[PDB]
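Trainee: Here come the first chain(s), positioned as in the complex:
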Amino acid sequence: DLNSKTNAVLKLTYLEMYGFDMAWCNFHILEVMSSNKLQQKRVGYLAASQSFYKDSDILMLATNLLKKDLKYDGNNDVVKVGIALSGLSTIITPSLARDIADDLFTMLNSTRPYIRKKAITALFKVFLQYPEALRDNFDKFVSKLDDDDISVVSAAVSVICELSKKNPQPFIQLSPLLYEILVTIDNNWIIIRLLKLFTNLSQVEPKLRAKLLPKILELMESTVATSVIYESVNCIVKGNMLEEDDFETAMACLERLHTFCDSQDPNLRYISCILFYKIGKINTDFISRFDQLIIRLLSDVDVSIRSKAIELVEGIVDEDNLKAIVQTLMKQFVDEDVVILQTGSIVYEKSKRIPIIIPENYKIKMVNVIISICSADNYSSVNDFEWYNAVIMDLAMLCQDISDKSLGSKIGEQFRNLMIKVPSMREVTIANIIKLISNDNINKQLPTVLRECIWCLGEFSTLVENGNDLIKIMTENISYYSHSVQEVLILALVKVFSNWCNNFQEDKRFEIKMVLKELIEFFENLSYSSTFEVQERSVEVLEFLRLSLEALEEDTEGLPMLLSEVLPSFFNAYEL
């Protein structure tokens, strides 16, 4: 019975979906697919597609059946074909597929757009299994594609798309007809799809892309979802369609994105931000239009945006803005961090505590940014070098929390370059440095900073009166240090003493002579490194100093030269 056939089918599908006796359902599913009624053919097909596996008569009947159904035009032929095609798609045997294709062909010849749509979609699933079918069926597609109906076109398209994924060669043959169809579409969805497809065909066949792009953009321009505002974008960005010939397309797409990016919801943003950045790598002009969007994205809360922005910011900068932005990021990260690092608030207006929010490794990037800003071009214009100096010391503080050592390294190298230049600022830097060194926080994690500080002071110990306490600092801290640092400190101090001697004319002052003695005692302490290399490296300097002492005795001014006299001597003795 036709009515029970339909009912069985509903329930049969439930049993067949279990991995249950399909024999009981098959007979029915088959006689059902053999019943001319278009509805039964529809449901039957859905079930058989789940059940057909293994039983031969089942499948066999199902096939020979779908044929008779397809063969006759059928006149509610739209549905009959339509479903029967879907159905056949999910059954696969070569015998079946063989029939199916010959059937889809006849079905494509139905007038009614409904039928023309399904037949197209079906040929999609089928072809995915049995290519011989496609072969005999292609010729028809070309005849159907030329139908006046916009839905049929939309379908022929989708199908040609899948088949492009598998066969592109046949469908690059039909692409021209695809263009002509899209040219006649008024519908927003049909436009969106035809776009996805052409994108797929474009990866294979630029000729299509060129012909189709201009059909898209006229289509997006006429539709407002926004849905195509995203789609055309993803397609434009993908086919790599874009290539520039396609900028115009991309433009409209971007303009639609920019409008959206410009709503505070991460769902739309992220999608745009990504699409933007990507576009920019591809289209600088767009970027310049989207500076504002970027700057705004800096205060965005979305982890992918923030990261995507910083990468954009990096490319976009105004100096006054830089200096400001730096200070701004400093506070953000003390308050944007955490949220999904860990918890989980609800995101409303309400939490008065706000959920808040950064990843975990975004902190490191933040600092890096600061340093970059100071060095791009020559923030020769941090006008206020002071601030930079401060910031640098500050960042060093927070990073002590993170480490990543490299955060801390970059900060140091930069500091050195700052102090070197900018003799003013030295006092601030020295005062801080001196304290930072004896303030333990630098020793924690931070050998690099120490290495730099060491150099800085030798250069500027000339500002400070008591170049004695400084050097007694540094000398007390040397034993607390890593090998890299130790190697540095040693090397620095020596680089310094050479300076004082140049400036000491105060009197030479006797004190400088005493201080050299101290440095000596210290370096002896580092000759006690476990690794022979480092050890030998230090012991080398210890001896060096003891020398400078003898030099100052003979002269005042002549000291730098004197040191280059003895020091190398010692050095050679040891090495010799």
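Mentor: Structure's in. What do you need? Numbering: from 1, shown residues only, chains lettered A, B, ... in the order given.
Trainee: Just the helices from the stretch 351-500 of chain A, written as ranges.
Mentor: A:362-375, A:385-398, A:405-420, A:426-438, A:447-460, A:467-471, A:483-503 (DSSP state H, counting those that start in this stretch).
Trainee: what's the first one in contact with?
Mentor: By Cβ atoms under 8 Å, 6 or more residues apart in numbering, the residues outside helix A:362-375 that reach it are A:303, A:306-307, A:310, A:313-314, A:317, A:322-323, A:325-326, A:329-330, A:333, A:337, A:379, A:382, A:388, A:391-392, A:395, A:398-399, A:402, A:404, A:406-407, A:410-411, A:414, A:417-418. Where C-beta positions appear, they are placed from N, C-alpha and C, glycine not excepted.
Trainee: Are any of these buried, and if so which?
Mentor: Buried members of the contacts of helix A:362-375, counted by 16 or more other Cβ atoms under 10 Å: A:303, A:306-307, A:310, A:313, A:317, A:322-323, A:325-326, A:329-330, A:333, A:337, A:379, A:382, A:388, A:391-392, A:395, A:399, A:402, A:407, A:410-411, A:414, A:418.
Trainee: Looking at the helices of the stretch 351-500 of chain A, which one is packed in the most?
Mentor: helix A:447-460 (a mean of 24; mean count of other Cβ atoms under 10 Å).
Trainee: The following sequence is to be added as chain B:
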Amino acid sequence: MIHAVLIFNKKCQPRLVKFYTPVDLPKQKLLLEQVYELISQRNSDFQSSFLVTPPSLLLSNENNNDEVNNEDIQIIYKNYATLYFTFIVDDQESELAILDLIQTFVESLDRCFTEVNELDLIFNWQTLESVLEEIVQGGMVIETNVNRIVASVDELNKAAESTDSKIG
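Mentor: This next block brings in chain B, placed alongside the chains you saw above:
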């Protein structure tokens, strides 16, 4: 790949669900009832608001922004006049494809059904299903056009009718 399509009435009644790949067969029904509740809490403008959810968010308040993810399953919801459509997709199909396919499915359903009733959708579960598939096939939505989609459904109905005990 869409692994599943969900149709629900404005009053949250499930009615259809498509599942392309193996997923729990029984829980599917239940899961569909759960993700209904959330739909009701979301606002009409935030209609559907695809509900992404960590799973433990199926009736879970460990996280304040309770939502239902159906474990690793993104749920896209769309609200239309009176029907809602939920689509469960895998993380590998494009979100847009999923969204569009939904939006389209909607306009189609409206035109496909002159006066959709929760009941008319039930009986015509297969029909509704077909539309969904057609839209999908060869990865392709091949008619997208709301005018065609409308007929398409009618066509399928005609066929199925002609076959109906194999269908009804």
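Trainee: let's see the contacts of helix A:362-375 again after adding chain B.
Mentor: For helix A:362-375, the surrounding residues in contact (Cβ atoms under 8 Å, 6 or more residues apart in numbering or on different chains) are A:303, A:306-307, A:310, A:313-314, A:317, A:322-323, A:325-326, A:329-330, A:333, A:337, A:379, A:382, A:388, A:391-392, A:395, A:398-399, A:402, A:404, A:406-407, A:410-411, A:414, A:417-418.
Trainee: chain center to it: distance?
Mentor: Taking Cα atoms, centre = their mean, to the nearest Å, one finds helix A:362-375 lying 18 Å from the centre of the chain it belongs to.
Trainee: Just the CA trace of it, in CSV.
Mentor: Presented in CSV, the C-alpha positions along helix A:362-375 are these (Å, rounded to 0.1, in the frame of the first residue of the first chain):
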residue,chain,number,x,y,z
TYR,A,362,49.8,38.9,24.3
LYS,A,363,51.6,40.4,27.1
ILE,A,364,54.9,39.6,25.6
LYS,A,365,54.0,41.0,22.3
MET,A,366,52.8,44.2,24.0
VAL,A,367,56.2,45.0,25.3
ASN,A,368,57.8,44.2,22.1
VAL,A,369,55.7,46.8,20.5
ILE,A,370,56.8,49.5,22.8
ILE,A,371,60.5,48.9,22.0
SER,A,372,59.6,48.9,18.2
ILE,A,373,57.9,52.1,18.5
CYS,A,374,60.8,53.6,20.0
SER,A,375,63.0,52.3,17.3
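Trainee: ok, now how distant is the residue nearest to residue A:262 when sequence neighbours are not counted from residue A:249?
Mentor: Nearest-residue entry for residue A:262: residue A:293, 6.9 Å, with adjacent residues in sequence omitted and distances by Cβ to Cβ, 6 or more residues apart in numbering or on different chains. The gap separating residue A:293 from residue A:249 is 20 Å, by Cβ to Cβ, to the nearest Å.
Trainee: Drop chain C onto that structure:
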Amino acid sequence: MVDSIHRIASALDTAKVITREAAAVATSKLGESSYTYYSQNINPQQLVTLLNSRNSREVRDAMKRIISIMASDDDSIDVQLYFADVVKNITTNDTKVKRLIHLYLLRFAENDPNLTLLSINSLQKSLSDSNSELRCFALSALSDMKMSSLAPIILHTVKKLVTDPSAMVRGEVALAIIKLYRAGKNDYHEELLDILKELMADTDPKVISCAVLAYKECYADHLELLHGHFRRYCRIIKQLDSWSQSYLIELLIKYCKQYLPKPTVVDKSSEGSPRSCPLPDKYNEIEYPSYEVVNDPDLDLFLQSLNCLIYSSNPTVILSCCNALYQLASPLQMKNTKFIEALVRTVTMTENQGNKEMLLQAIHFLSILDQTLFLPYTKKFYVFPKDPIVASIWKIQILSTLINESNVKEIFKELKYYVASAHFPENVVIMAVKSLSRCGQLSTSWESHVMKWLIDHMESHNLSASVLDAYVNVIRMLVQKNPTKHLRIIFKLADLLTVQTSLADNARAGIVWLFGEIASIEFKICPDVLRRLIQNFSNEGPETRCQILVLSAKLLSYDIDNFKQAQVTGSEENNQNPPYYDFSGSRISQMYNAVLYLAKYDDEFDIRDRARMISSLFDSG
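Mentor: Alright, chain C goes in next:
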């Protein structure tokens, strides 16, 4: 950084386990509610009141918890009274009471100097009682106090407390005399001695562990007494608990130095006397002077004891011992032989880390200071597989100690065999270098095999940066002893650098220095090396350039004096030669000139700074 570390713990902390103390009271077991009382105030009252009751038993319960409140620093809380009451009550004749009370006293002192004083007075009265069980504990707290004013008391006490024959008291009277002897020299030392003595001679672990923790202090200053007392201590350790042993280590480290028989008449006639060992003078007989820690069975017994402790299976005791075993040692301590056998024995036994290192170390330090004691253990320390990087590293230093000239071949065969064969860790290779450095120091005829072995490793392998830096440091040492083998060593290294214009930055550094250093031996040749380097410096890394300088520099020097008058250059007067008119400025200069110019082209300041000077001085003589 600290975040993750903390979380990992915290996370488990909280829920760990069933909220602590709220589940602590709620589900406490029978006495599962105390958690909320004394947890939420036992209360001082429950204390004081119980102290002002006159009965030694009641002062006990009150003394128990009473220790808690004090521990809370509830600061508000006269602590003086509890302190006082408990002090007067200490004079009670009950032992349990005395115990608690002492526990307390120790707390107060942890925070406050005045009170610390009272607590001491009490312990005096009770110490003057004939009861040994009390006089003990009581004297104990007097010691865990940290302080110095607590001496004019603890004394008159400790006096009568030694004069008691009891072991309990004898243990405690040591703690006191001590933790009190640190701060009271003027009124105290007369007695604080004739005491600690008779004492130390007790058996009870809580008595010994105490006199120890004691003697370790008082003596910081009045060490004559301490001695005759320190002995039993070292003896006692051999009979005792692992805790009571570790403590004796820290002390044995502190007291001898604190003492060392400050020379005053120092009887160098005590035993076999080095620093004279006193026994106490006010003691009888045969004067034993001071320096006595260096000399006196106390210092010595320290080493023997340390051993037993090592034999005793407790690693802590084993390390702390090895540490002091080497620190004191007049080496005559280390030729124990015991340290050796026991060491090597422990080594294999030890699976405890602080130990292996100490163990393997000992082996070396001990071989060095005593070879003949290891020879039976040679084939033994052919490395054990389980062991760490430092371990295999120490194995090398051992072989280096066992060599003779006639036996040397037997050994070396093993060494090289290790580098190549063992699966040696990187660090091992580094050490193997520091060792062989000391091995050839002994033989010359055999040294060639040693050095050659080292070079061959470097010349050939592009070795790891760490290793390269190491080897370079070593080769620097051997060259220092074996200047004949030295010349080759340098030439070989030069060639390697000359080919490798790519080498490693750290390698070039070492390789260069070595060449400065070796130049003394035959600084006539070294220019040959520096020649190639210069020619090719211009293409090098910075640090590498720095060293290359100082070392060009040195090489130049050694010979200025020897070059200068020799270098006062092309002055030909120097190609004339006394001793070191090494073909001098010319050969050396031709090299430096290149070097300097090359260093200037490096980055670091020190590199250039030295380079600049080296040239200036070298040039001008």
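Trainee: you'd agree residue A:4 is up against residue A:43?
Mentor: No. Residue A:4 sits out of contact with residue A:43 when judged by Cβ atoms under 8 Å, with a separation of 11.9 Å.
Trainee: hang on, residue B:154 packs against residue A:114?
Mentor: Yes. Assessed by Cβ under 8 Å, residue B:154 is found in contact with residue A:114 at 6.6 Å.
Trainee: before we move on, the earlier item: ok, residue A:4 and residue A:43, which is more surrounded?
Mentor: Taking other Cβ atoms under 10 Å in any protein chain shown, residue A:4 and residue A:43 do not tie; residue A:43 has more neighbours (37 against 14).
Trainee: what about the more buried one, which SS state?
Mentor: When classified by DSSP: H, G, I helix; E, B strand; the rest coil, residue A:43 comes out as helix.
Trainee: My guess is it contacts residue B:124. True?
Mentor: No. Using Cβ under 8 Å, residue A:43 is not in contact with residue B:124; the gap is 10.4 Å.
Trainee: So residue B:75 belongs to a strand, correct?
Mentor: Yes. Residue B:75 forms part of a strand when assessed by three-state DSSP.
Trainee: That one: what's it in contact with?
Mentor: Contacts of residue B:75 (Cβ under 8 Å, 6+ apart): B:6, B:35, B:50, B:51, B:52, B:53, B:68, B:69, B:86, B:87, B:88.
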